[PDB]
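Peer 1: Encoded as structure tokens, here's the structure I'll be asking about.
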Amino acid sequence: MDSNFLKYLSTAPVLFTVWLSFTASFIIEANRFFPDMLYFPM
Amino acid sequence: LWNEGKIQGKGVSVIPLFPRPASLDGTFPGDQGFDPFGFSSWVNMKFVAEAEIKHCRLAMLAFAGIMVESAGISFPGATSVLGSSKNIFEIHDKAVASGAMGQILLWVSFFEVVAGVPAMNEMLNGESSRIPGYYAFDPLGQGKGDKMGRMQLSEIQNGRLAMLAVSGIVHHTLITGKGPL
Amino acid sequence: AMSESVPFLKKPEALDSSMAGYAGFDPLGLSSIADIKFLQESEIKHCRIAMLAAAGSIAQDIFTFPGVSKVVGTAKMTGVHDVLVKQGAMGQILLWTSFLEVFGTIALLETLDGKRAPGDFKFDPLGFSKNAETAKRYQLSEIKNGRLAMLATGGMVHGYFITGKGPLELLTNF
Amino acid sequence: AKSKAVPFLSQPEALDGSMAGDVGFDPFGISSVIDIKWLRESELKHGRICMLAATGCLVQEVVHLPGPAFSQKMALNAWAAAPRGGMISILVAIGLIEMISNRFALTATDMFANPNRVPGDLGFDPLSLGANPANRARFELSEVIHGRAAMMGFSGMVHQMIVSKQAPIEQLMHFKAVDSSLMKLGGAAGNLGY
Amino acid sequence: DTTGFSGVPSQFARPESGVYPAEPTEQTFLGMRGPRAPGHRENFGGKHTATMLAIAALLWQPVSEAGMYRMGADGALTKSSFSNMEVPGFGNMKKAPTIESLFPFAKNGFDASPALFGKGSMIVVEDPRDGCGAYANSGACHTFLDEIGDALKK
Amino acid sequence: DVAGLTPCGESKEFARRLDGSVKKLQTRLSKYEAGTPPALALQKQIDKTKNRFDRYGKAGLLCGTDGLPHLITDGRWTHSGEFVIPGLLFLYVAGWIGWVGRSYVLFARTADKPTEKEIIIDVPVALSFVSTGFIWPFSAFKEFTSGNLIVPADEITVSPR
Ligand code: CLA
Ligand SMILES: CCCCCCCCCCCCCCCCCC(=O)OC[C@H](CO[C@@H]1O[C@H](CO)[C@H](O)[C@H](O)[C@H]1O)OC(=O)CCCCCCCCCCCCCCCCC
Ligand SMILES: CCCCCCCCCCCCCCCC(=O)OC[C@H](COP(=O)(O)OC[C@@H](O)CO)OC(=O)CCCCCCCCCCCCCCC
Ligand code: KC2
Ligand SMILES: CC1=C(C#C/C(C)=C/C=C/C(C)=C/C=C/C=C(C)/C=C/C=C(\C)C#CC2=C(C)C[C@@H](O)CC2(C)C)C(C)(C)C[C@H](O)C1
Ligand SMILES: CC1=C(C#C/C(C)=C/C=C/C(C)=C/C=C/C=C(C)/C=C/C=C(\C)C#CC2=C(C)C[C@@H](O)CC2(C)C)C(C)(C)C[C@H](O)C1
Ligand SMILES: CC1=C(C#C/C(C)=C/C=C/C(C)=C/C=C/C=C(C)/C=C/C=C(\C)C#CC2=C(C)C[C@@H](O)CC2(C)C)C(C)(C)C[C@H](O)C1
Ligand SMILES: CCCCCCCCCCCCO[C@@H]1O[C@H](CO)[C@@H](O[C@H]2O[C@H](CO)[C@@H](O)[C@H](O)[C@H]2O)[C@H](O)[C@H]1O
């Protein structure tokens with residue numbers, strides 16, 4: 001793959017948007033399968 | 001014998017329709033320059049040669065076994081435990097249930113684990129320089145000069161014929177639904 | 001250099017005729033993987049335990065010590081193990097053989113160091129290995145009989161697991 | 001200069017045929033991004049866990065520790081049935097093994113700080129089975145291949161335990177095929193949820 | 001440049017001890033190969049760990065069979081806990097902490113034997129095959145190969 | 001119980017919350033036919049509401065007079081799953097992010113041009129760093145004690161006062 005396109009995907013806004021979308025995506029998936037977690041269950 | 005250039009040799013094609021491959025040299029026994037798909041170029045020749053001879057020996061034993069059972073020739077008391085039918089498929093299923101096939105499987109597998117795999121690996125690695133298919137088994141001789149040429153070629157050709165025959169025999173029995181002879 | 005026992009296979013490159021019971025038989029190359037001295041000690045430990053087991057199966061079929069017929073039932077071979085664990089017979093045999101094998105662990109480590117031949121516990125109360133010829137000859141007899149005894153022990157116990165008869169009684173019947 | 005594993009791709013750098021199982025397989029070029037020492041440490045670690053995990057699934061099918069808490073033939077049920085104190089004991093013991101065996105060089109910045117440190121060599125040879133130098137090439141190859149195979153096999157067995165609520169050997173011996181009425185893949189967004 | 005996951009601290013600008021120990025090839029039976037103190041392997045190596053493991057295994061056999069075995073009028077003997085053995089001089093501590101406190105097999109219902117496990121609580125070995133063959137089976141057994149055969153004949 | 005609160009499993013106000021929350025959805029379900037996609041969606045919402053209240057009742061949460069769960073965060077171990085344990089999970093992740101970012105800014109200072117490494121991130125090196133965070137309490141405490149976390153006061157720019 002092109003090194004300049006990979007250096008573009010390494011830029012701060014792309015990584016910030018991808019990382020916070022990935023972060024948002026596993027918060028969404030964890031709240032989908034295991035919803036209503038007001039507490040650590042113990 | 002070896003008879004290089006006539007059979008088991010360079011410049012020898014059983015079928016001229018398929019061209020003689022450069023990758024197939026004349027060193028291996030029963031080499032008739034038959035390699036349309038050109039496996040000889042990328043395969044390990046020692047492995048495929050040893051595999052060929054083992055398939056041949058299994059097939060020749062298979063042909064003799066199918067012939068004896070199809071003829072109804074049996075060892076004493078064997079018909080009582082195993083299937084009375086002379087169908088090879090029926091006998092095999094009955095032999096599995098008796099445990100005869102399991103005992104044969106156990107010992108054949110044991111030989112392959114303790115002897116077949118070391119011999120194969122050492123031939124391929126270069127530890128013993130074993131000729132493919134050699135298992136040092138000449139109880140009644142017949143080896144030496146005869147083994148190098150005619151016997152090696154006779155075993156490879158008869159075994160190829162047996163492999164084809166056993167294949168034919170089982171599919172004949174399947175489509176017909178009745179055993180041969 | 002090709003194997004005497006398996007002629008199409010190579011010499012196993014860790015075995016030499018100065019060993020007892022050598023026939024060039026290591027087709028699977030286990031001797032390369034693990035120390036030969038350990039394997040020699042292990043072979044001899046397997047050989048001597050199975051030899052005692054083989055003689056035990058035979059003798060247990062022949063006669064039985066006074067009183068033992070009560071504690072055991074009609075059980076024989078492995079069958080007696082579950083009941084003689086209830087009484088302290090197997091417990092005491094385990095304790096004293098375990099006690100010997102703690103020293104056997106120290107002896108095996110000495111063998112790994114090379115300060116002792118494998119299986120050489122110097123045990124010669126009666127005199128048999130005074131002569132050198134007899135010593136090597138009896139070491140070869142010990143190893144061959146032991147390997148046979150191990151095979152026999154497998155045969156006797158599996159004959160019990162099939163028929164329940166025991167060695168002598170499987171000879172007498174069937 | 002092409003790969004032998006994938007003949008139409010270029011042979012990847014940091015793959016020079018020195019390592020065991022180095023058949024030239026790195027299409028995605030992770031070795032060009034991630035140092036091959038870390039990747040081989042991680043490959044050996046995944047495979048060794050998976051070799052035990054595959055053996056674990058099959059052996060737990062055959063043999064159990066005694067007691068009712070260890071009587072789960074199906075392996076995914078053993079996760080829940082096994083005593084929690086002991087499973088967390090296993091987890092803590094694994095963490096201790098990781099800190100001592102890696103010698104407090106655990107991160108991607110300080111493992112292999114010692115130039116003597118070799119990928120996968122944690123100093124684990126209790127019975128000195130690698131004392132023979134000749135077997136080292138074969139053993140390292142056969143460890144890598146056994147590891148890869150066990151990664152593929154354990155992954156299969158887990159996902160076959162999910163699909164068919166059956167342990168792997170008795171799923172092979174009491175095989176019932178996939179009906180497709182249930183176990184449909186995906187579908188969370190096709191029906192718009194629910 | 002940094003390779004990425006290289007693990008050399010200087011590449012990632014992480015503080016490094018710099019003192020990188022040489023790796024001795026010596027190995028102990030229940031320990032790992034690693035940098036060790038001078039004379040450590042000779043004193044506490046394979047010989048030590050194997051002997052101490054052996055001694056611990058021998059010492060385990062009384063420990064597994066720990067209990068007050070008292071013979072009655074008849075030859076039969078009764079196994080009681082060592083907690084029953086009251087101690088005279090420790091005031092309100094009449095029952096005393098004992099070897100069973102350190103090895104509580106009975107509390108957990110293990111029932112230890114000199115060889116580990118035991119009649120009560122022994123290894124459970126079961127046949128997954130369930131007494132049927134690999135192929136050519138009836139309704140009770142449908143193997144994977146039977147599914148291949150059923151797929152072929154349909 | 002604690003602070004004059006009642007366990008949510010026996011409070012009547014939590015039960016009337018669950019009953020009212022299910023009645024709101026059942027009256028929305030009463031205007032749809034059985035197999036239709038809105039009815040199926042509404043029934044799954046009812047199932048989720050019942051599961052939430054059922055789980056909360058058996059969790060050891062304490063409800064108020066209003067029938068809503070209340071969190072006790074004074075440190076008591078019978079209620080540590082509401083703040084102390086979720087807080088420990090947070091501090092582990094937060095210290096992970098902090099240690100990983102600090103390690104990356106210290107790497108980026110030793111670069112040929114330090115400020116390109118912060119707008120164009122060296123992703124293999126930064127992923128090496130995100131893997132470093134799992135043992136941050138030990139890594140950061142050894143960093144602290146070895147004089148590598150805290151810089152002395154005479155290496156920091158300050159205003160004249
Ligand atoms: C600090 C030491 C310590 C102590 C005091 C305990 C105490 C306990 N453990 Mg834990 N445990 C420990 C360390 C410890 N454990 C470690 C380090 C591990 C990880 C390897 C475990 C893994 C573990 C499991 C998985 C289980 C326990 C269980 C138990 C309890 C019942 C014990 C019993 O009945 O024993 C008497 C029983 C025995 C002595 C039987 C031993 C069984 C064999 C030896 C297991 C085979 C070992 C196997 C080959 C492992 C090899 C790997 C290892 C070398 C790394 C008891 C509370 C059990 C429990 O909670 O049950 C309620 C349980 O399920 N423990
Ligand atoms: C020092 C160690 C010494 C150890 C010695 C023992 C180990 C030696 C090595 C052994 C290696 C394994 C050998 C087998 C051991 C068990 C033997 C046994 O009885 O097995 C047991 C089982 C059969 O089990 C049988 O069950 C019957 C009742 O149903 C009988 O009554 C008996 O119980 C038993 O014989 O064997 C199998 O299932 C084999 C399946 C087929 C395996 C391959 C067969 C040969 C290759 C041809 C196949 C071609 C297929 C083409 C595609 C077809 C697609 C449909
Ligand atoms: C090296 C390891 C190799 C792993 C190989 C993976 C094997 C399993 C992969 C899927 C198998 C077949 C899928 C059919 C199943 C399938 O396609 O279902 C379809 C599903 C979407 O639902 P639909 O719109 O299809 O609904 C269709 C209707 O017919 C039913 O309502 O697609 C997905 O988004 C599900 C996958 C989650 C996507 C995100 C995954 C998690 C992201 C993690 C980061 C990226 C990882 C890779 C992402 C691709
Ligand atoms: C009388 C006191 C005592 C007892 C009762 C005892 C019992 C056992 C048992 C019993 C079941 C085993 C299995 C065992 C095994 C090991 N012991 Mg031993 N041991 C005792 C004393 C010491 C000392 C003073 C040292 C030591 C060591 C090791 C090492 C590691 C070597 C290494 O990995 O290189 C191993 C494997 C050295 C050390 O490094 O410990 C981390 C070390 O200096 N031991 N030890
Ligand atoms: C070389 C070459 C090529 C080629 C080629 C070709 C044509 C290859 C063909 C290969 C064949 C035909 C192999 C057949 C093997 C059969 C065997 C070994 C027998 C098994 C039976 C057993 C063991 C049994 C049994 C039994 C006994 C006795 C008793 C019974 O009661 C039961 C039972 C039946 C179970 C190609 C074209 C690809 C290109 C290449 O460039 C060059
Ligand atoms: C670290 C890492 C890796 C890894 C790894 C992994 C995943 C390792 C997993 C290891 C495991 C599973 C260890 C399990 C230990 C089990 C024990 C001790 C059982 C004890 C039973 C007891 C005490 C009992 C009892 C009794 C009770 C109470 C009551 C009865 O009714 C029941 C019973 C009679 C049984 C590797 C090595 C691959 C590589 C690399 O280096 C990185
Ligand atoms: C190194 C070292 C030593 C050691 C050691 C150890 C612990 C050695 C252990 C090594 C092990 C446990 C190797 C196990 C490999 C398992 C594999 C490859 C399974 C693959 C499964 C597959 C492909 C599958 C599948 C399947 C699918 C999905 C469908 C299923 O329905 C069924 C099926 C099962 C067929 C010791 C300690 C002795 C000391 C020495 O000094 C140093
Ligand atoms: C000799 C010990 C040397 C180090 C000891 C220090 C221990 C460190 C913390 C120990 C924590 C104990 O961990 C705790 O104990 C046991 C372990 O199975 C578990 O207890 C569980 O199993 C036991 C054993 O049958 C049951 O009797 C008990 O009812 C059940 O709750 C607890 O659920 C677990 O929380």
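Just remember, in the structure tokens the first chain shown is A, the second B, etc., residues are 1-based per chain, and ligands are 1-based in the order shown.
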Show me, as JSON, numbers by chain, the residues that have an atom within 12 Å of residue E:150 when counting only C-alpha atoms, minus same-chain residues fewer than 2 positions from it.
Peer 2: {"D": [175, 176, 177], "E": [135, 136, 137, 138, 142, 143, 144, 145, 146, 147, 148, 152, 153, 154]}
Peer 1: Just write the chosen residues, N, CA, C and O atoms, as a PDB file, in the first residue's frame.
Peer 2:
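And here's part35.pdb as it stands now:
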ATOM      1  N   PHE D 175     -22.753 -36.686  15.731  1.00  0.00           N
ATOM      2  CA  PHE D 175     -22.827 -35.517  14.863  1.00  0.00           C
ATOM      3  C   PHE D 175     -24.249 -35.276  14.406  1.00  0.00           C
ATOM      4  O   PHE D 175     -24.926 -36.178  13.908  1.00  0.00           O
ATOM      5  N   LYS D 176     -24.693 -34.049  14.583  1.00  0.00           N
ATOM      6  CA  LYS D 176     -25.969 -33.602  14.071  1.00  0.00           C
ATOM      7  C   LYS D 176     -25.682 -32.314  13.323  1.00  0.00           C
ATOM      8  O   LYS D 176     -24.993 -31.435  13.846  1.00  0.00           O
ATOM      9  N   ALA D 177     -26.197 -32.211  12.105  1.00  0.00           N
ATOM     10  CA  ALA D 177     -25.765 -31.162  11.200  1.00  0.00           C
ATOM     11  C   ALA D 177     -26.404 -29.834  11.576  1.00  0.00           C
ATOM     12  O   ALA D 177     -27.232 -29.738  12.485  1.00  0.00           O
TER      13      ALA D 177
ATOM     14  N   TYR E 135     -18.053 -45.462  11.535  1.00  0.00           N
ATOM     15  CA  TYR E 135     -18.953 -45.391  10.397  1.00  0.00           C
ATOM     16  C   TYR E 135     -19.889 -46.589  10.517  1.00  0.00           C
ATOM     17  O   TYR E 135     -19.736 -47.408  11.427  1.00  0.00           O
ATOM     18  N   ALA E 136     -20.850 -46.691   9.585  1.00  0.00           N
ATOM     19  CA  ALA E 136     -21.809 -47.802   9.469  1.00  0.00           C
ATOM     20  C   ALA E 136     -22.612 -48.030  10.751  1.00  0.00           C
ATOM     21  O   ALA E 136     -22.648 -49.133  11.296  1.00  0.00           O
ATOM     22  N   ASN E 137     -23.240 -46.970  11.257  1.00  0.00           N
ATOM     23  CA  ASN E 137     -23.960 -47.042  12.526  1.00  0.00           C
ATOM     24  C   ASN E 137     -25.472 -46.905  12.340  1.00  0.00           C
ATOM     25  O   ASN E 137     -25.974 -46.574  11.264  1.00  0.00           O
ATOM     26  N   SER E 138     -26.205 -47.173  13.435  1.00  0.00           N
ATOM     27  CA  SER E 138     -27.665 -47.128  13.490  1.00  0.00           C
ATOM     28  C   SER E 138     -28.166 -45.736  13.883  1.00  0.00           C
ATOM     29  O   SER E 138     -27.455 -44.744  13.731  1.00  0.00           O
ATOM     30  N   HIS E 142     -24.941 -41.149  15.100  1.00  0.00           N
ATOM     31  CA  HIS E 142     -24.745 -40.581  13.778  1.00  0.00           C
ATOM     32  C   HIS E 142     -23.398 -39.871  13.799  1.00  0.00           C
ATOM     33  O   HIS E 142     -23.284 -38.766  14.328  1.00  0.00           O
ATOM     34  N   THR E 143     -22.373 -40.503  13.239  1.00  0.00           N
ATOM     35  CA  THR E 143     -21.053 -39.897  13.251  1.00  0.00           C
ATOM     36  C   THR E 143     -20.943 -38.866  12.138  1.00  0.00           C
ATOM     37  O   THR E 143     -21.846 -38.698  11.317  1.00  0.00           O
ATOM     38  N   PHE E 144     -19.835 -38.126  12.171  1.00  0.00           N
ATOM     39  CA  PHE E 144     -19.546 -37.134  11.141  1.00  0.00           C
ATOM     40  C   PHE E 144     -19.387 -37.797   9.778  1.00  0.00           C
ATOM     41  O   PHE E 144     -19.920 -37.310   8.772  1.00  0.00           O
ATOM     42  N   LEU E 145     -18.720 -38.954   9.751  1.00  0.00           N
ATOM     43  CA  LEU E 145     -18.558 -39.730   8.530  1.00  0.00           C
ATOM     44  C   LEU E 145     -19.882 -40.305   8.067  1.00  0.00           C
ATOM     45  O   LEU E 145     -20.085 -40.486   6.865  1.00  0.00           O
ATOM     46  N   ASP E 146     -20.770 -40.633   9.011  1.00  0.00           N
ATOM     47  CA  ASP E 146     -22.126 -41.040   8.660  1.00  0.00           C
ATOM     48  C   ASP E 146     -22.872 -39.908   7.979  1.00  0.00           C
ATOM     49  O   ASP E 146     -23.705 -40.156   7.113  1.00  0.00           O
ATOM     50  N   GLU E 147     -22.659 -38.667   8.431  1.00  0.00           N
ATOM     51  CA  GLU E 147     -23.250 -37.516   7.755  1.00  0.00           C
ATOM     52  C   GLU E 147     -22.693 -37.368   6.345  1.00  0.00           C
ATOM     53  O   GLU E 147     -23.428 -36.995   5.429  1.00  0.00           O
ATOM     54  N   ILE E 148     -21.405 -37.675   6.171  1.00  0.00           N
ATOM     55  CA  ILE E 148     -20.803 -37.644   4.804  1.00  0.00           C
ATOM     56  C   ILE E 148     -21.501 -38.723   3.970  1.00  0.00           C
ATOM     57  O   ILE E 148     -21.903 -38.418   2.833  1.00  0.00           O
ATOM     58  N   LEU E 152     -23.867 -38.209   0.718  1.00  0.00           N
ATOM     59  CA  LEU E 152     -23.588 -38.873  -0.586  1.00  0.00           C
ATOM     60  C   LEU E 152     -24.805 -39.677  -1.052  1.00  0.00           C
ATOM     61  O   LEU E 152     -25.107 -39.642  -2.259  1.00  0.00           O
ATOM     62  N   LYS E 153     -25.465 -40.385  -0.131  1.00  0.00           N
ATOM     63  CA  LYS E 153     -26.657 -41.196  -0.493  1.00  0.00           C
ATOM     64  C   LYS E 153     -27.910 -40.435  -0.053  1.00  0.00           C
ATOM     65  O   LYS E 153     -28.260 -40.527   1.138  1.00  0.00           O
ATOM     66  N   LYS E 154     -28.598 -39.781  -0.992  1.00  0.00           N
ATOM     67  CA  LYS E 154     -29.775 -38.944  -0.632  1.00  0.00           C
ATOM     68  C   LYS E 154     -30.564 -38.615  -1.904  1.00  0.00           C
ATOM     69  O   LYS E 154     -29.990 -38.811  -2.993  1.00  0.00           O
TER      70      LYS E 154
END
Peer 1: Kindly assemble as JSON lines a list of the chain D residues that lie within 9 Å of ligand 8, each paired with its nearest atom pair and their distance in Å to one decimal, using only C-alpha atoms and all ligand atoms, sorted first by chain and then by ascending residue number.
Peer 2:
{"residue": "D:83", "atom": "CA", "partner": "ligand 8", "partner_atom_place_in_ligand_line": "18 (O)", "distance": 6.4}
{"residue": "D:84", "atom": "CA", "partner": "ligand 8", "partner_atom_place_in_ligand_line": "33 (O)", "distance": 6.4}
{"residue": "D:85", "atom": "CA", "partner": "ligand 8", "partner_atom_place_in_ligand_line": "18 (O)", "distance": 4.0}
{"residue": "D:86", "atom": "CA", "partner": "ligand 8", "partner_atom_place_in_ligand_line": "18 (O)", "distance": 5.6}
{"residue": "D:87", "atom": "CA", "partner": "ligand 8", "partner_atom_place_in_ligand_line": "18 (O)", "distance": 8.9}
{"residue": "D:88", "atom": "CA", "partner": "ligand 8", "partner_atom_place_in_ligand_line": "13 (O)", "distance": 8.6}
{"residue": "D:89", "atom": "CA", "partner": "ligand 8", "partner_atom_place_in_ligand_line": "17 (C)", "distance": 8.3}
Peer 1: Report the residues of stretch 12-144 of chain C whose backbone DSSP state falls under alpha helix (DSSP H), written as a ChimeraX atom specification.
Peer 2: /C:30-33,36-62,68-71,79-86,89-113,132-144
Peer 1: Select the residues contacting ligand 5 at a distance of at most 7 Å, based on only C-alpha atoms and all ligand atoms, then format the selection as a PyMOL selection string.
Peer 2: chain B and resi 34-39+55-56+58-59+61-66+69+88-89+91-92+163-164+166-167
Peer 1: Do you know which residues are at most 12 Å from residue C:171 counting only C-alpha atoms, after dropping those on the same chain fewer than 3 positions away, and could you put them as a list in words?
Peer 2: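 Using only C-alpha atoms, the neighbours found are residues 58, 61, 156, 159, 163, 165, 166, 167, 168 and 174 of chain C.
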